[PDB]
Every structure is written in structure tokens, then in C-alpha cells.
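Residue strings, one per chain:
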Amino acid sequence: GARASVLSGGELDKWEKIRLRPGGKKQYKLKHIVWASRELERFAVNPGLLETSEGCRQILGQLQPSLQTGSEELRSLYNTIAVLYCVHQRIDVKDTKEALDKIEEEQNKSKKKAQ
Amino acid sequence: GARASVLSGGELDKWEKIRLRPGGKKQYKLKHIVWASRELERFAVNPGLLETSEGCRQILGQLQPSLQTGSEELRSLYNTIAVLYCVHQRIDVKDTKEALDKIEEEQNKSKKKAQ
Amino acid sequence: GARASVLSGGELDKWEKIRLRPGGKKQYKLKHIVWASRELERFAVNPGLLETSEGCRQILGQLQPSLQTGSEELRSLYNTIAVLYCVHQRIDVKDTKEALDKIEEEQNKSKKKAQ
Ligand SMILES: CCCCCCCC(=O)OC[C@H](COP(=O)(O)O[C@@H]1[C@H](O)[C@H](O)[C@@H](OP(=O)(O)O)[C@H](OP(=O)(O)O)[C@H]1O)OC(=O)CCCCCCC
Ligand SMILES: CCCCCCCC(=O)OC[C@H](COP(=O)(O)O[C@@H]1[C@H](O)[C@H](O)[C@@H](OP(=O)(O)O)[C@H](OP(=O)(O)O)[C@H]1O)OC(=O)CCCCCCC
Ligand SMILES: CCCCCCCC(=O)OC[C@H](COP(=O)(O)O[C@@H]1[C@H](O)[C@H](O)[C@@H](OP(=O)(O)O)[C@H](OP(=O)(O)O)[C@H]1O)OC(=O)CCCCCCC
Ligand SMILES: CCCCCCCC(=O)OC[C@H](COP(=O)(O)O[C@@H]1[C@H](O)[C@H](O)[C@@H](OP(=O)(O)O)[C@H](OP(=O)(O)O)[C@H]1O)OC(=O)CCCCCCC
Ligand SMILES: CCCCCCCC(=O)OC[C@H](COP(=O)(O)O[C@@H]1[C@H](O)[C@H](O)[C@@H](OP(=O)(O)O)[C@H](OP(=O)(O)O)[C@H]1O)OC(=O)CCCCCCC
Ligand SMILES: CCCCCCCC(=O)OC[C@H](COP(=O)(O)O[C@@H]1[C@H](O)[C@H](O)[C@@H](OP(=O)(O)O)[C@H](OP(=O)(O)O)[C@H]1O)OC(=O)CCCCCCC
Ligand SMILES: *C(=O)CCCCCCCCCCCCC
Ligand SMILES: *C(=O)CCCCCCCCCCCCC
Ligand SMILES: *C(=O)CCCCCCCCCCCCC
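Criteria and cut-off values
Residues numbered from 1 in each chain as written, not as in the entry; some residues may be left out. Chains lettered and ligands numbered in written order. Part of a larger assembly, values for the part shown. Heavy atoms only, no water. Residues with missing side-chain atoms left out of burial classes, pairs and counts. Helix = DSSP H or I, 4+ residues; strand = E, 2+ residues; numbered from the N terminus. Rg over C-alpha atoms; globule rule 2.2 N^0.38 Å.

Judging from the entry metadata, cryo-EM is the method by which this structure was determined, and 7.0 Å is the reported resolution.

Asker: Could you clarify how one ought to interpret the overall build of chain A in this entry?
Answerer: In terms of helices and strands, chain A carries 6 helices and 0 strands. Reading the secondary structure of chain A in the N-to-C direction produces α-α-α-α-α-α. Against the globule reference of 13 Å for 115 residues, chain A gives a C-alpha radius of gyration of 14 Å, in line with a compact fold. The principal-axis extents of the C-alpha atoms in chain A amount to approximately 45 × 30 × 25 Å.

Asker: Got a minute to help me understand unusual backbone geometry in this structure?
Answerer: One can expect most non-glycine residues to show negative phi and most peptide bonds to be in trans. The residue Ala44(A) is not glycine, and still its phi comes out positive at about 65 degrees. With respect to the helices and strands, the residue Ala44(A) is situated in the loop between α2 (30-42) and α3 (53-63).

Here it is, written out as C-alpha cells:
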């Protein structure tokens, strides 16, 4: 229906704060958390993966390489899955952009220890 | 409708015998052979591939790597495609689990001659 | 509805000339340009990619490796995307087959400078 699950009380507060973009006027809302869950199940991917910091990582991994080959439907996903994942880990970005940079750098560190 | 095609007379006998799980009470039935064919065509994959030992291998190959990234919809597939494939090859497992081990080991042998 | 967009006036002329096959009697028509656009959006891929020589390349890249693992739905795509791409680049093949050879050879050249 429209209840909490993916994000807890504390996460919800920050979530509503985070904005979809750095230079916008539309904060994040449950509409985005559910909008992704629906598109997820469509790709044979349960929405529960978003409720777990581990499940999200698995999703971003498939969408990562499918960022250029993927379509708009995939782009939006990476946006939500990003801001959400950051919440489950620790990163408390203000927008969806900052979340992309953080996750982008974290991957660059592993490159040195996984080349 | 509900006739034979993927599995012949002899294969049908063994199929009905094989169980979906090692510790269960629900043997295999045509319902599972058709249930997969439907999900197959959905992924741009003709159900006929299951009627051929060659087609199955091609399917298990894509689902193999998509076992962790894939969703529940993919899991069930690997289960049926497994028990079925084993029938077309030679392996006559009793459950779906044994089929996974057999196919798992067969792949380990090639690793030594394809590393 | 049924207007021009992907192929311009000049491209349209050649398009209608090109045949789906070398030994057939069914030339190409808008029906094929739209038929693909529909299947594209289904895979999270905007149909606009076909209107751009760059977008097409990105599509053929994903379908390339998915030529054997992919289903019939993918085959038809590679057929249209091929004849179309050739138009945006320069190749003016007469059928869909010739388009496959041209794109096949072009990739062989890069192999020598990208092995
Ligand atoms: C007399 C009254 C006259 C005024 C009323 C006349 C109509 C009127 O309202 O103004 C037109 C428009 C603003 O209205 P408008 O609804 O088109 O605003 C843009 C629209 O929402 C886009 O979808 C946004 O980009 P995206 O979805 O996030 O990609 C874009 O954001 P930004 O990201 O740009 O901030 C928004 O500016 O002005 C411009 O700034 C366009 C500059 C080009 C910018 C577009 C290039 C991104
Ligand atoms: C049962 C029916 C249920 C469906 C109807 C329920 C409501 C519904 O329509 O879906 C919600 C929404 C799409 O609708 P929605 O109008 O909110 O679409 C977004 C909105 O226009 C933003 O302003 C765009 O960013 P910007 O102005 O250019 O910055 C953003 O573009 P992209 O640039 O993201 O492509 C658009 O996706 O889904 C998502 O994809 C959000 C993922 C987070 C992405 C936002 C992070 C940028
Ligand atoms: C007074 C009468 C009181 C009795 C009636 C009260 C209700 C009652 O019938 O008993 C409860 C239940 C058995 O009934 P219940 O329908 O829940 O049985 C389980 C259910 O079908 C699961 O979906 C099966 O796992 P999966 O889909 O294949 O994954 C699981 O199989 P196994 O694979 O476990 O054999 C089944 O046991 O007992 C337990 O054994 C649970 C232990 C935890 C096991 C679950 C962890 C897998
Ligand atoms: C037009 C509508 C047609 C659709 C309605 C037609 C009937 C229909 O509903 O679909 C059939 C069936 C799903 O329904 P169905 O209730 O049989 O689902 C399975 C059943 O509950 C088993 O007991 C589960 O295993 P276990 O108790 O935990 O061991 C198994 O889980 P997984 O662990 O497999 O996820 C479940 O999938 O499809 C398949 O996926 C079978 C693939 C073989 C998988 C079985 C091998 C484990
Ligand atoms: C008294 C009147 C009797 C005559 C009326 C009796 C019925 C009658 O019309 O003739 C039968 C048939 C021609 O008619 P028919 O509609 O079946 O023609 C074939 C049909 O359209 C296939 O789908 C085409 O292959 P694909 O979709 O592109 O793959 C095939 O093309 P090609 O690519 O073969 O040119 C077509 O020939 O004859 C043969 O040539 C078959 C030889 C085997 C060829 C099939 C192997 C590809
Ligand atoms: C809203 C509903 C809209 C849908 C209804 C609108 C009309 C509609 O039905 O779809 C159009 C068409 C499929 O229908 P359509 O009857 O034209 O199908 C093709 C036709 O039979 C050819 O003769 C076949 O080649 P050949 O005789 O064996 O040589 C070709 O096979 P393949 O060998 O290609 O598999 C068939 O796909 O789509 C495409 O895939 C064309 C892609 C270009 C492929 C052609 C290049 C070979
Ligand atoms: C929002 O309220 C989340 C609930 C998701 C919808 C559940 C629908 C009801 C479950 C039982 C119906 C199954 C019919 C046998
Ligand atoms: C079970 O009976 C397997 C048959 C699959 C359904 C076939 C449907 C009938 C074929 C002709 C209908 C096409 C309409 C032009
Ligand atoms: C063929 O004519 C190409 C046009 C594609 C269909 C567009 C449908 C009309 C657009 C506005 C409808 C949206 C409802 C708010």
C-alpha cells in the first residue's frame, strides 16, 4: 500500500531530506522507493534487495555496467538505488549526484587492490 | 494445451519420478515443464530450447552467472532446466539438488582444460 | 502514428529499396522501423537510439553477443538495426545479409588494433 519497510524511522527522515538532484526543488519521497521496487520485480529482482544494504550493492552492480547500454528506465533506478544504498551504508548525501560520486570513488579504491 | 513434446515417453516416466527437492513430497509434473517454457519466451528465449539437450545448455549458461544477480524467477528456471537437461544428457538424478551437483562438477572438469 | 523520424527523405528512399533478405520478395518498410522501436523500449532502450548512428552502434553491441543466447525477438532486431545502421553510416547494402557481412568485417579490422 504505502507504509514503511525499506527505510526505517531514522532513514526515512534523511530520505525525505535528500533531493533527487543538486539543483532542484523536489525532495525524495516514498513514491521513489516504491517506484523502483516495482521496476525491480520486473527484472526478476525482488524489491526486498533494497531493504538490505547487501541487496542494493547487487543491484548497482548490474546497473553499473548497464549505465550506457541501459535505457532511461535503468537510469532512474541507479538514482534511487544510490541515495537509498548510501543510507543503509553510512553516506548521508544531500542529493542524488553526491551519492554517485561517493559510490564512484569507493570503487576507485578497490581498483588499486583488485587490478 | 497440455501434451507431450519436451520429454518423450521414457523421459516422462523418469520426469514424474524426479522430485523438485531432496527432502520434499512434491514430484515433478508437466506443470513445471510448461511453467518454464512460458517464462522462457518472456526472455526472448523459445521454449523449444528445452526440448533439445543443446538448447538447455545455452539456457543454463545464461542463468548460471545470473544465479546471484538474478531474481527468484530465474532460480525456479535453473531448477527445472536442470532436472530436464539431465534427462536429455544421461544423468538420472532423483531430485533437483542432485542435478545441480552433477552439472556443477561437470563444469569443474572443464576448468582444468580451459583455464 | 506513422510518419518519418528515424530515416530522412534520402534514407527513406534507400530503405524502401533494401530487402529483408537477399533471396526474397519483401522490401523494407516503415513497419520494420517501428516494429523494432517498440521492442527496443521494452528492453529499457529508447527508440531514438535508432534515429542516431551512435545509438544504433550501442544496440548492435548488446545484441551482438546475444545473437546465440538471445531469442528470435533479438534476431529480428539485429536484422533491422543492421540495415538501418548501414544507412546512417554510409554502407548502402541491398539486403539485410550484406549488412551483416559489412558490419562483421568492420569488427574484424578492430581486432587487429584491439587484441
Ligand atoms: C512571462 C513568463 C515567461 C516564463 C514562463 C515560460 C515557460 C517557463 O516556465 O520557462 C522556461 C524554462 C523554465 O520552465 P521549465 O518548466 O521549462 O523548466 C525546466 C524543465 O523542468 C526541465 O525538465 C529541467 O531539466 P531536467 O528534467 O532536470 O533535465 C530544467 O532544469 P535545470 O536542470 O535546467 O535547472 C528546468 O529549468 O526556462 C529555462 O530555465 C530553460 C533553460 C534551459 C535549461 C534546460 C537544460 C537542462
Ligand atoms: C502504478 C503506476 C506507478 C507509477 C506512477 C508513480 C509516479 C511516477 O511517475 O514515477 C515516479 C518516478 C517517475 O516519475 P517522475 O515524474 O517523478 O520522474 C522524474 C522527474 O521528472 C525528475 O524531475 C527528473 O529529474 P531532473 O529534473 O532532470 O533532475 C527525473 O529524471 P532522470 O534524470 O532521473 O531520468 C524523472 O524520472 O520514478 C523515477 O524514475 C524516480 C527515480 C529517481 C530518479 C530521480 C533522480 C534524478
Ligand atoms: C496442533 C497442530 C500443530 C501443527 C500445525 C501448525 C502449522 C504447521 O503445519 O507446522 C509448522 C511447520 C510445518 O508446516 P509448514 O506448512 O510451515 O511447512 C514448511 C513450509 O512449507 C516451507 O515453505 C518449506 O520450505 P521451502 O519452501 O522448501 O523453503 C518447509 O520445508 P523444509 O525445507 O523446512 O522441510 C516446510 O516445513 O513446521 C516446520 O517444520 C517449520 C520449521 C522451520 C523450517 C523452515 C526452514 C526451511
Ligand atoms: C497461466 C498461469 C500459469 C502459472 C500457474 C501454474 C502453476 C504455478 O504456480 O507455477 C508452477 C511453479 C510455481 O508455483 P509453485 O507453487 O509450484 O512453486 C514452488 C513450490 O512452492 C515449491 O514447493 C518451492 O520449493 P521448496 O518447498 O522450497 O523446495 C519452489 O521454490 P524455489 O525454491 O524453486 O524458488 C516454488 O517455486 O513454477 C516454478 O517455479 C517451478 C520451477 C521448479 C522449481 C522447483 C525446484 C526447487
Ligand atoms: C499445385 C500447386 C502446388 C504448389 C503450392 C503448394 C504450397 C507451396 O506454396 O509450395 C511449398 C513451398 C513454397 O511455398 P511456401 O509458402 O512454403 O514458401 C517458403 C516459406 O515462406 C518459408 O517461410 C521461407 O523461409 P524463411 O521464413 O525465410 O526461412 C521459404 O524461403 P527460402 O528461403 O527457402 O527461399 C519459402 O520458400 O515450396 C518450397 O520452396 C519449400 C522448399 C523448402 C525451402 C524451405 C527451407 C528454407
Ligand atoms: C501493435 C502490433 C505491432 C506488431 C504487428 C506489426 C507487423 C509485424 O508482425 O511485425 C513486423 C515484423 C514481424 O512480422 P513479419 O511477418 O514481418 O515477420 C518476418 C517475415 O515473415 C520474414 O519473411 C522473415 O524472414 P525470411 O522469409 O525467413 O527471410 C522474418 O524472419 P527472421 O529470419 O527475421 O526471424 C520475420 O520476422 O517484425 C520483424 O521482426 C521485422 C524485423 C526485420 C527482420 C527481417 C530481416 C530478415
Ligand atoms: C500495501 O498495502 C502492501 C501490501 C501488498 C499487497 C498485498 C495484497 C493482499 C495479499 C493477499 C492477496 C492474495 C490473494 C490470494
Ligand atoms: C496446447 O494445446 C498447445 C497449442 C498452443 C496454442 C495454439 C493456438 C491455436 C493456433 C492457431 C491460432 C492463431 C490465430 C491466427
Ligand atoms: C504517431 O502519431 C506518433 C505519436 C505517438 C503517440 C502520442 C500520443 C499523444 C501524446 C499526448 C498523450 C499523453 C496523455 C497525457
